[PDB]
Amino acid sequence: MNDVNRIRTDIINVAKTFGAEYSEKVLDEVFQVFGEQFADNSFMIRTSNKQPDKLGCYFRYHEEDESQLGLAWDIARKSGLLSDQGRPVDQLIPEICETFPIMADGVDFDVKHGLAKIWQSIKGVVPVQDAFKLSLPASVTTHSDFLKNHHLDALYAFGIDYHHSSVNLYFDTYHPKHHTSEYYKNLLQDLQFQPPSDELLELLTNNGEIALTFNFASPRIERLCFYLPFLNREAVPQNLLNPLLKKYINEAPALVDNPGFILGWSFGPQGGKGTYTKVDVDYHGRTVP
């Protein structure tokens, strides 16, 4: 119903409040094809401090209704919101669906630039080596031993970023080392990424998902991401947050009195790009639990 319009209104108010580059011409075209999937599925609105003074704004949804799997890529292609510009990421979603059983779908949207990402989550966990036969970046295969050595072993999902022509591999935290802070300090050190704070190293002991980004332009792992859920606003560690992101924890729209959040900590090479914070609000309240 109006549920689509509440959502669209909320995104626009979020961008305007937090200084995110946005286009309504682009938001309209997205909502024409997808607005109903935002009302009917697990749905989150994200901001990130990729720049210190201005948050960018994204909105995402996951489809887990089995009968609807693949519909998102079909309607993104058919609608024209995702074109096939020949780039190496353009074949990845078709390759994934032939190789693995798919259990959930998702697409990510940039509020200025439109459709940014497509997700596929495997039916179950697979050894990351099973992915090596895809046209993934060469940096996945060349890092097979690193992956094994840090138990980034258990692949469960893909993100295909058509904006940055990169690939996120998502790993389940199966190993007892994945619940010790020392592991995350040593992983980040082995990558020569920005070391994390002590507050975050303690929180990371409860960590749930680890993601790594590969791109076709680089022989290097580009960045990694840790993710943690938080049951409501006040559960979120205020001290690890940009005053703009503290604000977002307090004002972010939801269709529920006190929504949960997923936070993401992206780390990149020390002294470079890729080390910032992502804040997703559980807009229906039915995703973090």
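In this text, residue numbers run from 1 along the sequence as written. Between two forms, the rigid core is defined as the largest C-alpha subset superposing within 1.5 Å.
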{"query": "RMS Cα shift after core superposition in 4 other deposited structures of this protein, winner of 202-210 and 130-138", "finding": "202-210"}
{"query": "Higher-scoring stretch by recorded Cα B factor average, 123-131 or 80-88", "finding": "80-88"}
{"query": "Selected stretch [higher average CA B-factor]: 97-105 or 174-182", "finding": "97-105"}
{"query": "Deposited CA B-factor, highest of 221, 225, 240, 27", "finding": "240"}
{"query": "Deposited CA B-factor, highest of 245, 255, 57, 263", "finding": "255"}
{"query": "Chain-relative CA temperature factor third for residue 72", "finding": "middle"}
{"query": "Among modelled residues of the same chain, the CA temperature factor third for residue 31", "finding": "lowest"}
{"query": "Relative C-alpha B-factor of residue 23, binned into the chain's lowest, middle or highest third", "finding": "middle"}
{"query": "Lowest, middle or highest third - CA B-factor, residue 206", "finding": "highest"}
{"query": "Position of residue 145 among the chain's modelled residues by C-alpha B-factor, lowest, middle or highest third", "finding": "lowest"}
